[PDB]
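**Student:** Here it is, the structure, as structure tokens.
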Amino acid sequence: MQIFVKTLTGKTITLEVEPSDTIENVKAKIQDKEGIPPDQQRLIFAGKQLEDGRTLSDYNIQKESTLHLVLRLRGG
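The authors' numbering numbers the first residue of the sequence shown as 1 and each following residue consecutively.
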């Protein structure tokens, strides 16, 4: 399935994934494309901060969903 990731600079990252992929699978795929390490990524679906070992299915994430990408800071 195709999902859509929106970054703070407004970049649209388009990812083929499958619903049983993890949010750490997501973080690795985006690094492959944009050079961002998973450690600095925080990922938000519908106001909710997403946790790494959980699956896209478990969050109710399916095709054509908008997900949002945040950079974690130094102090936080």
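Every residue, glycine too, gets a C-beta built ideally from N, C-alpha and C.
1) DSSP state of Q62, grouped into three classes?
2) Could you give the DSSP three-state label for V17: helix, strand or coil?
3) In or out: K33 buried (at least 16 other Cβ within 10 Å) or exposed?
4) Hey, would you say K29 sits closer than 7 Å to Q41, going by beta carbons?
5) Between which two residues does the alpha helix (DSSP H) containing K27 stretch?
6) Select from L56, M1, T7 the residue whose C-alpha is nearest the C-alpha of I36.
**Tutor:** Walking through what the data contain:
1) DSSP, reduced to helix, strand and coil, places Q62 outside both helices and strands of the structure shown, so it counts as coil.
2) Coil at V17, not helix or strand.
3) Of the other Cβ atoms in all chains shown, fewer than 16 fall within 10 Å of the Cβ of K33; this residue is therefore exposed.
4) Going by beta carbons, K29 and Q41 fall outside the 7 Å limit.
5) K27 -> alpha helix (DSSP H) spans 23 to 34.
6) The option with the nearest alpha carbon to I36 is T7.
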